[PDB]
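Only one chain is given next, in structure tokens, and it is the form solved without N-methyl-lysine.
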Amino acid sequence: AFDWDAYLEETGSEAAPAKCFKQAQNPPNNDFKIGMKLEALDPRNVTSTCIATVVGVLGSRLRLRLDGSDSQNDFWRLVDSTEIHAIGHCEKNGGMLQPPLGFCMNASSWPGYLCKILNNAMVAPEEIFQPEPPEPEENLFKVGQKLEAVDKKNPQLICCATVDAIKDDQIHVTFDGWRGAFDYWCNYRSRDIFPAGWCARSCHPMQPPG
């Protein structure tokens, strides 16, 4: 557990208040189990809803892999992400499930594939999907404020970071102790940013400065 209070004191810094973040006040409970299947937007084509399997769990997050793709493009979503849903959600809403971009077979072999993978599948029930947190009405972040941020190049990691700059709805996230190597701009509504102390509260590891 990272001593944020000691760190903010020695850097003469403030943590961005919880109200800046599109995150729940308390980290949402994670009742997902490894092997559970669900529907997720394909990160390599966000127009597509695909079958994903929980291949890992960490704090309030899921490590997801798209069925019939590869093991090199896993992605992490919170249990209260709006990009994941129970199986049947897509169809209920007028849509069709799609093959993943990295599908390992040919596209005509898709309809049969879906039947095979969904057959007697472990499915995440709709009740363990958590409600989407309320979002801030404006960008409340201020330059100099510290927070916890996902390293988008190594998304298993959530790290000590600082808001470097602000342009309207975008904040510039810099990772303390890492000389701008994996900084990024993101919307203030990002699900990849958390208030200081959130990881400890959710039983997710939190990386100290580089």
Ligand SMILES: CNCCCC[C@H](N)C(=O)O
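Residue positions are given as counts along the sequence shown, with the first one as 1.
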Higher of the two mean Cα B-factors (76 to 84, 97 to 105; per PDB record) comes from 97 to 105
Entry B factor averaged over C-alpha atoms, 155 to 163 against 47 to 55: higher for 155 to 163
Max C-alpha B-factor within the set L66, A181, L41, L62 falls on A181
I171: CA temperature factor from the record, placed by chain third, in the highest
For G177, the third of its chain by CA B-factor is the highest
Of the three thirds of Cα B-factor ranks in this chain, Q25 occupies the lowest
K116: CA B-factor among chain residues, third -> highest
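Note that the form solved in complex with N-methyl-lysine isn't included here; everything after this is about it.
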The binding site of the unliganded chain, tested against N-methyl-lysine placed in the bound PDB entry and superimposed by local C-alphas, with a 2.4 Å cutoff to backbone or C-beta atoms and a three-atom threshold, is open
Note to self: in the bound PDB entry, does every one of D42, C50 and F103 come within 4.5 Å of N-methyl-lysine, counting any heavy atom?
What the structure shows: no
Partner contact check in the bound PDB entry: of 140 to 148, 29 to 37, 153 to 161, 54 to 62, the stretch with a heavy atom within 4.5 Å of N-methyl-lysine is 153 to 161
4.5 Å heavy atom contact, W178 and N-methyl-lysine in the bound PDB entry
yes
